[PDB]
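Chain and residue survey
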Amino acid sequence: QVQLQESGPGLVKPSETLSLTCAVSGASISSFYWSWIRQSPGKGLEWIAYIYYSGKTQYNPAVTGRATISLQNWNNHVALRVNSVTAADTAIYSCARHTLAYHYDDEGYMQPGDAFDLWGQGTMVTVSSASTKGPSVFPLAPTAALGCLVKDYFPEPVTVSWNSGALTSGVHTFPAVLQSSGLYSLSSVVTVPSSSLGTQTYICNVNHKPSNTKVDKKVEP
Amino acid sequence: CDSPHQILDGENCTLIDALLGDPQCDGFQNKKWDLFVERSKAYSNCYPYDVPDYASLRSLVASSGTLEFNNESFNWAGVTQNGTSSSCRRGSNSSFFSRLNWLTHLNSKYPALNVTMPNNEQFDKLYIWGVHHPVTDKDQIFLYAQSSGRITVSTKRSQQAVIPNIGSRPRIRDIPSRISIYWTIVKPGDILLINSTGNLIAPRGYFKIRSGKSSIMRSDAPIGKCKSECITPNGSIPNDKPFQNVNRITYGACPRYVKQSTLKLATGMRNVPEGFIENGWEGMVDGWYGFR
Amino acid sequence: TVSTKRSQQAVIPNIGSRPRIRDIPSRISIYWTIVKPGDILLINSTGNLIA
Amino acid sequence: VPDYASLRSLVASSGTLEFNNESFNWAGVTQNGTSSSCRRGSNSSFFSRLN
Amino acid sequence: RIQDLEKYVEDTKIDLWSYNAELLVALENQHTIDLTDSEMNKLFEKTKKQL
Amino acid sequence: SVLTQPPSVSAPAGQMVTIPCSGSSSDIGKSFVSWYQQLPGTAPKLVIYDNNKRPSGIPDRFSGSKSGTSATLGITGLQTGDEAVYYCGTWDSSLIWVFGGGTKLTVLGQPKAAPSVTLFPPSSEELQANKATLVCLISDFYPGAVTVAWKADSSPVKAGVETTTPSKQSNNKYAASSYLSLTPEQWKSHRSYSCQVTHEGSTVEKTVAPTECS
Ligand SMILES: *[C@@H]1O[C@H](CO)[C@@H](O[C@@H]2O[C@H](CO)[C@@H](O[C@@H]3O[C@H](CO)[C@@H](O)[C@H](O)[C@@H]3O)[C@H](O)[C@H]2NC(C)=O)[C@H](O)[C@H]1NC(C)=O
Ligand SMILES: *[C@@H]1O[C@H](CO)[C@@H](O[C@@H]2O[C@H](CO)[C@@H](O[C@@H]3O[C@H](CO)[C@@H](O)[C@H](O)[C@@H]3O)[C@H](O)[C@H]2NC(C)=O)[C@H](O)[C@H]1NC(C)=O
Ligand SMILES: *[C@@H]1O[C@H](CO)[C@@H](O[C@@H]2O[C@H](CO)[C@@H](O[C@@H]3O[C@H](CO)[C@@H](O)[C@H](O)[C@@H]3O)[C@H](O)[C@H]2NC(C)=O)[C@H](O)[C@H]1NC(C)=O
Ligand SMILES: *[C@@H]1O[C@H](CO)[C@@H](O[C@@H]2O[C@H](CO)[C@@H](O[C@@H]3O[C@H](CO)[C@@H](O)[C@H](O)[C@@H]3O)[C@H](O)[C@H]2NC(C)=O)[C@H](O)[C@H]1NC(C)=O
Ligand SMILES: *[C@@H]1O[C@H](CO)[C@@H](O[C@@H]2O[C@H](CO)[C@@H](O[C@@H]3O[C@H](CO)[C@@H](O)[C@H](O)[C@@H]3O)[C@H](O)[C@H]2NC(C)=O)[C@H](O)[C@H]1NC(C)=O
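In short, a report on the structure. (Residues numbered from 1 in each chain as written, not as in the entry; some residues may be left out. Chains lettered and ligands numbered in written order. Part of a larger assembly, values for the part shown. Heavy atoms only, no water. Residues with missing side-chain atoms left out of burial classes, pairs and counts.)

Okay, the arrangement of the chains next. No other pair among the five pairs of chains in contact exceeds the contact count of chains A and F. You won't find any contact between chain A and chain E; their C-alpha atoms come no closer than 36 Å. Taking C-alpha atoms only, the smallest gap left between chain B and chain F, which are not in contact, amounts to 19 Å. (Contact = heavy atoms within 4.5 Å.)

Below you can see the structure in the form of structure tokens.
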């Protein structure tokens, strides 16, 4: 029952340093090799670097030496800083576990594994210079359907659940779209039976982590 | 003489205190050595502690000859880490042994710690930990919510278990509590298990053990810049003569200790002062035998 | 409590988890007692004895 | 007595049963405890060095 | 107990090495004397058999 | 991208597939191989570790193989849930990790689905802030081919419209949303708006019309 959750900023001004951590759960960070991998629109799927509590570390050459992987023991996190960010560096950044190697190296330490065991969801980092803008959630009311609408919100991603994540079936979180203003806007709907249109209350949970803004709206005809 | 064998002066510090991390012995962290030099002026400034089989622990660590230490991360659930006491002062503020973590209650609760840490590397891992012996029942409750402590450090090969014994101890550094220290080795492919309910001063990691030529020596001798293959508590001696009288304790290519204070080995013939039957000729010099 | 007229052994079972071996996380500590001729072995237990 | 031989060997090496007794304000307890196994002539007694 | 033994080992070792050393010197000298005396005795005989 | 793999392959449900992964001798010939499946919107999952071995919870449906410089991933009896991208990857000489390009696996045989269109009028709250936006929600339609246009009083709308590309939903049926940015003045300044959703499959073209003040 080991899990990863990558905490990160939403945007980063170009030519600046980017701070990143991912939290590990139910397992000591020192027990396995960890590496970061980032997915980007274009330029394939790119491994950056791996780490081990020994100190052994390899970086990818295509990313200049600006990236430096650390790992921290107090918070049980594995971290990653990359300085002098360019526009190309925008991507989702995930941390992942190596398969234990089961054969030591020179000086006794375990080698990095030949496979990535499990991945975290990841966090979207955006290389922009505009100011982050908070969202605004206007509900839309009605077998029928209802949902929330997140409008003109700028940091790249946004999570939306219903009733603290209770409502599973019939939900569909839609991809956002760029308005000509320059601010994205998503909107998620949910199909529900009409017989409880005033019986079971419906409160969607919109969460915009890069703006530190979590807003829960409600739906009523 | 320092040149041939890497000497590490244990100034003011013992070997055990350096291992635990008495604030004085911070400079010794992660330093290897060929021969350690325990001093008689050396004292312990930290929290009062005894360790059963001290000699074995001391002799084992000395044979390895290194305090190389890699930190490990444990998810100590619901307990206050980095416990500190005024007994081991550190410059201004109060502190604790550098390599141990004093685990006390967090918000008036002490949950049973069931933590695991494997050894995937090919070499043996040596963890150094201990147990706290509170002086009184009130001090016991103040530190940990539960009343009676239990510690069981386990591994696939063996298992250790200690029960804290509460009672008064003579105030040393104004601290009447005590600490019993133990050690456990985790072989490769094996896994360390710690199940404690309280009184646990758990470790911050393991020491890399190498089977080596290193040793220890109790001496008050100084160290200079010279090369001599022998080292004794009286000082360094030369390995020319095959017998020595200095000390029982040696280290390196040394002669064997003999009770005899001197042994004259004949290198010439019988000397007979003034043919040859009566006496030899004193005047002859260029050779040993000759004709007159 | 395993006792002889010459000496006495006594052990308290220490509960706790141990790394499972052959799917068995519990453990057993074994001791021995030698009884000289003319002496009598006696065992007192209230629990956890594998006599 | 655990490690019997060590006490024997350490006491033997000392070579003296020289003994001075001190005072311990044993508050509120019955000193000079007695057992019928440790007869000292008529009356019962206990080890001479222990209380 | 252990200290008694740890001493007795290193002690009885020093004894045996001390004896081996004394014997080696005496043996070693007694031979050194004989080789030097004999080498002269050979020179005397070498001259006599020559004359 | 020193690992070559085809961009997309296709096969009907219940059949077998073969994804090749061409590489040099410096990478696969020396090192092992691993396969990774990334379902849409999710973290990539490991499917095959080392060459033929599969983790716990990965059905024997998936299977892998190696042969010199090329590696091969195989899936028997396909499900619709297996629609994802599949990555081969390995170490190379320099001990730097390289992933393949990507292989978009599409699975056919899913029957045609009629688009369920739902148009929500602007919220009473958004209007109270001097702004308005119309939402046209298209769900559970099979072939992606759908064209969407807006109509202001049965006339073509000028501009101010944004659409998301369609995507597979949990129901394995495509879904998409279209947004019509409107002036609050222009909302009541017209009788009715409408999003016409012509379905390229069968040309059903379903339309729902909302009005101001109703
Ligand atoms: C218990 O004591 C340990 C002592 O090692 C604490 O670890 C230390 O935690 C701090 C947290 O702020 C770390 O500071 C960080 O250092 C990095 C690296 O330079 C820096 O970039 C950060 O901005 C931050 O200042 C520190 O490195 C870390 N280790 C040491 C040796 O100091 C631990 O936090 C303590 N735990 C509790 C619960 O008090
Ligand atoms: C059992 O008895 C012993 C001695 O009879 C107790 O130890 C003594 O405890 C007292 C206070 O409890 C200590 O007094 C303090 O000494 C410091 C030292 O400078 C001074 O600064 C304080 O102002 C105060 O006078 C005393 O030092 C200490 N002596 C020793 C040798 O430890 C012990 O506490 C008793 N335990 C119990 C549970 O009653
Ligand atoms: C080398 O170091 C050793 C360290 O033990 C020296 O041996 C010790 O020498 C001292 C004298 O300097 C001896 O002290 C004597 O003690 C007796 C009573 O035990 C006393 O009556 C004498 O007046 C004197 O104080 C000590 O016994 C002796 N220890 C041992 C174990 O032999 C040694 O002298 C140093 N030098 C050499 C050349 O070995
Ligand atoms: C070995 O690890 C296990 C895992 O935590 C320890 O078991 C835990 O022991 C505590 C104390 O006995 C239990 O808490 C108590 O539960 C009773 C239930 O009525 C309650 O009355 C007490 O006030 C207290 O809350 C805890 O439930 C239990 N947990 C489990 C999962 O068994 C065990 O003590 C450890 N053994 C050692 C360190 O020797
Ligand atoms: C305290 O920590 C120890 C160490 O992790 C726990 O022992 C472990 O418990 C798990 C329970 O899920 C065991 O997993 C089992 O593995 C076998 C392997 O075939 C599998 O068949 C079972 O279905 C289960 O998944 C694990 O083997 C066992 N030992 C180790 C070394 O991990 C213990 O349960 C924890 N709690 C307490 C109260 O002690």
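The structure having been displayed, the exposition proceeds.
This paragraph deals with the site of ligand 2. Residues and elements named next belong to chain B. As a matter of local geometry, ligand 2 sits amid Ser168, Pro170 and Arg171. Taking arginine 171, its main chain carries an N or O atom lying 2.9 Å from an oxygen atom of ligand 2. Here ligand 2, which alone exposes 760 Å², has 20% of that area covered by the protein. (Near = heavy atom within 4 Å. Polar contact = N/O pair within 3.5 Å; in protein donor to acceptor, adjacent residues only side chain to side chain. Areas by Shrake-Rupley, 256 points an atom, 1.4 Å probe, with all protein chains shown as cover.)

Once that is clear, we can look at the nonpolar core. Within the largest apolar cluster, 78 residues are counted, with the highest numbers of intra-cluster contacts made by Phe116 of chain A together with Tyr36 and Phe99 of chain F. For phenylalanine 116 of chain A, the contacting residues outside a window of four places in its chain are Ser35, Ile37, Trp47, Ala96, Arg97 and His98 of chain A together with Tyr36, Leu46, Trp97 and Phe99 of chain F. Membership of the second largest hydrophobic core comes to 25 residues, among which are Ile29, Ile69, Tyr93 and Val125 of chain A. (Core = buried A, V, L, I, M, F, W, Y, C linked by side-chain atoms within 4.5 Å. Buried < 20%, exposed > 50% of the residue type's maximum accessible area, 1.4 Å probe, protein only.)

The next subject is the sheet that holds strand β17 (residues 202-208) of chain A. Residues and elements named next belong to chain A. Judged by pairing direction, the sheet is antiparallel, and its three strands sit side by side in the order β13-β17-β18 without closing on themselves. On the outer flanks of this sheet lie β13 (159-162) and β18 (213-219), each paired with one strand and no other. Geometrically, the sheet is characterised by an average inter-axis angle of 20 degrees between neighbouring strands, direction not taken into account. Bridge count for β13 against β17 is four bridges, and the pairing is antiparallel. Its bridge partner being in β17, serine 161 is matched across the sheet by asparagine 205. (Pairing = 2+ DSSP bridges. Helix = DSSP H or I, 4+ residues; strand = E, 2+ residues; numbered from the N terminus. Axes fitted to C-alpha atoms, helices over the stretch in contact; angles between N-to-C directions.)

A few words now on the pairing of strand β15 (residues 174-182) of chain F. All names here are of chain F. Burial within β15 is extensive, with seven of its nine residues counted as buried. Taken together, the eight bridges between strand β11 (residues 132-141) and β15 define a ladder with antiparallel strand orientation. Residue pairing across strands places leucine 137 opposite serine 177, the latter belonging to β15. Both strand β14 (residues 167-168) and β15 contribute to a ladder of two bridges, which runs antiparallel. What sits directly across from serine 167, in β15, is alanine 175. The antiparallel pairing of β14 with β15 creates a hairpin that spans five residues between the two strands, and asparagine 172 there sits at a positive phi of about 55 degrees.

These values are about where atoms sit, not about what they do.
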